[PDB]
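Since the structure comes first, as structure tokens, the remarks are kept for the end.
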Amino acid sequence: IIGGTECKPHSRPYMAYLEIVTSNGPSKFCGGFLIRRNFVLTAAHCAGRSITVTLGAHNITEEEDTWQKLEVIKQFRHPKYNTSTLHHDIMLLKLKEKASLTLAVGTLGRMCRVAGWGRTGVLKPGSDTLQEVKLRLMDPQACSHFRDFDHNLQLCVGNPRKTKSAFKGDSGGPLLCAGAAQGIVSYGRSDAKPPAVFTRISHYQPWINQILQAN
Ligand SMILES: COc1ccc(-n2nc(C(=O)O)c(=O)n(Cc3cccc(C(F)(F)F)c3)c2=O)cc1OC
Ligand SMILES: *[C@@H]1O[C@H](CO)[C@@H](O)[C@H](O)[C@H]1NC(C)=O
Ligand SMILES: *[C@@H]1O[C@H](CO)[C@@H](O)[C@H](O)[C@H]1NC(C)=O
Ligand SMILES: [Zn+2]
């Protein structure tokens, strides 16, 4: 998160930290959010060979009792996910067990909020601590330069006049507007000039519900 503030610890109890393992490279990192005790929503580009989820985290380097490190048994990438366009950048992860409900872990032009452990700047490393920022929801013409952006599929997020933005490592995390999850962090520019592209959750709700009811 660029230009945000450190969260009050455990104030966003649905937030999930994803370590993503591939066969030909070192660990990758994503965000995500708990919508059932055994399901986490995130972005499809965060898929890999295997994934471990950490709930209850704030400072991701300092292990504490709030932590629940949970195995992912199955990844459900949208069947129409496109790795070039990032169309339909949404994925469900089924946890091996139901997480415990605690204080620190629970299920989940207007201003919206997004949080994550991602980079704090173009050359800055990933944040140790959960960070959050307020961003403006923009009319779709603001994201026109992203040639494969589509207003029905995706939100345009982040005033281009400001620095504030989600950035690398913040992928998969929720965009909350007035307390409700509206988007998922998908992609933006390398230089981190906003706006950024987020998955529009509303369009995918029937698909989300199909996956939950079969699993
Ligand atoms: C479909 O089209 C695209 C797909 C991917 C990327 N793209 N490219 C990057 C690069 O290194 O070139 C890069 O770093 N990021 C990460 C990134 C940059 C800014 C904001 C975010 C966040 F969290 F979404 F908000 C992520 C990225 O998504 C860019 C595209 O279109 C130019
Ligand atoms: C997070 O914890 C690590 C290890 O104690 C420390 O290096 C880092 O400074 C901490 N960051 C905070 C509390 O912002
Ligand atoms: C992904 O998108 C490109 C560009 O529109 C399309 O031509 C390509 O065949 C797609 N790939 C899949 C497997 O969806
Ligand atoms: Zn704590």
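Residue numbering restarts at 1 for every chain of the structure tokens, chains are lettered A, B, ... in their displayed order, and ligands are numbered from 1 as they appear.
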
Quiz item: Within 6 Å of stretch 2-5 of chain A, counting only C-alpha atoms, which residues qualify if same-chain residues fewer than 6 places away don't, as number ranges by chain?
Solution: A: 120-121, 131-133, 164-165

Exercise. List every residue of stretch 77-208 of chain A that DSSP, applied to the backbone, labels as strand (DSSP E or B), and write the result as a PyMOL selection string.
Key: chain A and resi 77+91-95+111-116+119+126+131-138+154-157+165+174-177+180-187+196-200

Practice problem: Could the residues that lie within 9 Å of ligand 3, counting only C-alpha atoms and all ligand atoms, be listed as a ChimeraX atom specification? | Solution: /A:80-87,148

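Once only C-alpha atoms and all ligand atoms are used for the distance check, the residues close to ligand 2 at 12 Å turn out to be residues 5, 6, 7, 8, 9, 57, 58, 59, 60, 61, 62, 63, 64, 117, 126, 127, 128, 129, 130 and 131 of chain A.
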
C-alpha atoms of the current selection, written as an mmCIF file, in the first residue's frame:
data_model
loop_
_atom_site.group_PDB
_atom_site.id
_atom_site.type_symbol
_atom_site.label_atom_id
_atom_site.label_comp_id
_atom_site.auth_asym_id
_atom_site.auth_seq_id
_atom_site.Cartn_x
_atom_site.Cartn_y
_atom_site.Cartn_z
ATOM 1 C CA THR A 5 -1.207 4.248 7.400
ATOM 2 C CA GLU A 6 -0.445 1.208 9.539
ATOM 3 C CA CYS A 7 -3.706 -0.461 10.620
ATOM 4 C CA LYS A 8 -4.707 -0.763 14.238
ATOM 5 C CA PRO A 9 -3.615 -4.407 14.842
ATOM 6 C CA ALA A 57 -1.751 -11.405 11.298
ATOM 7 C CA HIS A 58 -0.665 -7.814 11.702
ATOM 8 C CA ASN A 59 3.143 -7.831 11.863
ATOM 9 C CA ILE A 60 3.818 -10.702 9.508
ATOM 10 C CA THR A 61 7.400 -11.344 10.790
ATOM 11 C CA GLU A 62 6.435 -11.616 14.553
ATOM 12 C CA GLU A 63 4.473 -14.848 15.241
ATOM 13 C CA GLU A 64 1.678 -14.502 17.832
ATOM 14 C CA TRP A 117 1.132 -6.199 3.168
ATOM 15 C CA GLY A 126 6.778 -5.416 1.299
ATOM 16 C CA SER A 127 5.383 -3.944 4.517
ATOM 17 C CA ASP A 128 5.956 -5.890 7.743
ATOM 18 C CA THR A 129 2.599 -4.651 9.012
ATOM 19 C CA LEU A 130 -0.931 -4.474 7.622
ATOM 20 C CA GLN A 131 -1.433 -1.111 5.882
#

Practice problem: May I have the residues within 8 Å of ligand 1, computed using only C-alpha atoms and all ligand atoms, as number ranges by chain? | Solution: A: 1, 83-87, 118, 146-149, 165-171, 185-194, 196-198

Exercise. Considering only C-alpha atoms, return as a PyMOL selection string whatever protein or nucleic-acid residues lie within 9 Å of residue A:32, sequence-local ones (same chain, fewer than 6 positions apart) excluded.
Key: chain A and resi 14-18+40-43+53+116+170-174+184

For the residues in that selection, give me N, CA, C and O atoms as a tab-separated table (two decimals), in the first residue's frame.
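Just written: part05.tsv:
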chain	number	residue	atom	x	y	z
A	14	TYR	N	-10.85	-10.25	8.86
A	14	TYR	CA	-11.05	-11.09	7.71
A	14	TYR	C	-9.79	-11.15	6.82
A	14	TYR	O	-9.71	-12.00	5.94
A	15	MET	N	-8.78	-10.27	7.00
A	15	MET	CA	-7.64	-10.20	6.09
A	15	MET	C	-6.77	-11.47	6.17
A	15	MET	O	-6.50	-12.01	7.25
A	16	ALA	N	-6.33	-11.94	4.99
A	16	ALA	CA	-5.55	-13.16	4.88
A	16	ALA	C	-4.26	-12.88	4.14
A	16	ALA	O	-4.24	-12.12	3.18
A	17	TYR	N	-3.17	-13.48	4.64
A	17	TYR	CA	-1.87	-13.36	4.00
A	17	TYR	C	-1.59	-14.69	3.30
A	17	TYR	O	-1.67	-15.78	3.89
A	18	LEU	N	-1.30	-14.59	1.99
A	18	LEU	CA	-1.10	-15.76	1.16
A	18	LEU	C	0.37	-15.87	0.81
A	18	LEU	O	0.93	-14.92	0.29
A	40	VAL	N	-11.55	-18.55	1.37
A	40	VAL	CA	-10.88	-17.28	1.23
A	40	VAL	C	-10.99	-16.84	-0.21
A	40	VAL	O	-10.72	-17.64	-1.11
A	41	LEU	N	-11.36	-15.57	-0.39
A	41	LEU	CA	-11.47	-14.97	-1.70
A	41	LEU	C	-10.21	-14.16	-1.99
A	41	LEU	O	-9.63	-13.55	-1.10
A	42	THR	N	-9.76	-14.23	-3.25
A	42	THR	CA	-8.53	-13.56	-3.67
A	42	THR	C	-8.55	-13.48	-5.19
A	42	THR	O	-9.57	-13.79	-5.81
A	43	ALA	N	-7.41	-13.09	-5.77
A	43	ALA	CA	-7.27	-12.91	-7.20
A	43	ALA	C	-6.71	-14.18	-7.83
A	43	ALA	O	-5.84	-14.81	-7.26
A	53	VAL	N	-2.32	-20.06	3.93
A	53	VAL	CA	-3.00	-18.86	4.36
A	53	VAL	C	-2.65	-18.58	5.81
A	53	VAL	O	-2.67	-19.49	6.64
A	116	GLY	N	-3.43	-4.23	2.89
A	116	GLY	CA	-2.48	-5.25	2.47
A	116	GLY	C	-1.06	-5.08	3.02
A	116	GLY	O	-0.72	-4.10	3.69
A	170	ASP	N	-0.35	-6.44	-2.89
A	170	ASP	CA	-1.65	-6.12	-2.32
A	170	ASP	C	-2.77	-6.84	-3.07
A	170	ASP	O	-3.94	-6.77	-2.67
A	171	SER	N	-2.39	-7.50	-4.17
A	171	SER	CA	-3.26	-8.33	-4.99
A	171	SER	C	-4.06	-9.30	-4.14
A	171	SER	O	-3.52	-9.91	-3.21
A	172	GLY	N	-5.35	-9.45	-4.48
A	172	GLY	CA	-6.24	-10.39	-3.82
A	172	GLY	C	-7.03	-9.76	-2.67
A	172	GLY	O	-8.08	-10.27	-2.29
A	173	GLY	N	-6.53	-8.65	-2.13
A	173	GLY	CA	-7.14	-8.01	-0.98
A	173	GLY	C	-8.45	-7.34	-1.36
A	173	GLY	O	-8.65	-6.97	-2.51
A	174	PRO	N	-9.39	-7.19	-0.41
A	174	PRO	CA	-10.67	-6.55	-0.69
A	174	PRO	C	-10.64	-5.03	-0.73
A	174	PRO	O	-9.92	-4.39	0.03
A	184	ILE	N	-11.70	-6.46	-5.64
A	184	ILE	CA	-10.51	-7.24	-5.36
A	184	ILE	C	-9.36	-6.59	-6.12
A	184	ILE	O	-9.49	-6.29	-7.30

Exercise. Using DSSP on the backbone coordinates, identify all residues within stretch 81-194 of chain A classified as helix (DSSP H, G or I); present the result as number ranges by chain.
Key: A: 140-143

Quiz item: Using only C-alpha atoms and all ligand atoms, which of A:37, A:28, A:12, A:151 sits nearest ligand 4?
Solution: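 Closest to ligand 4, using only C-alpha atoms and all ligand atoms: A:12.
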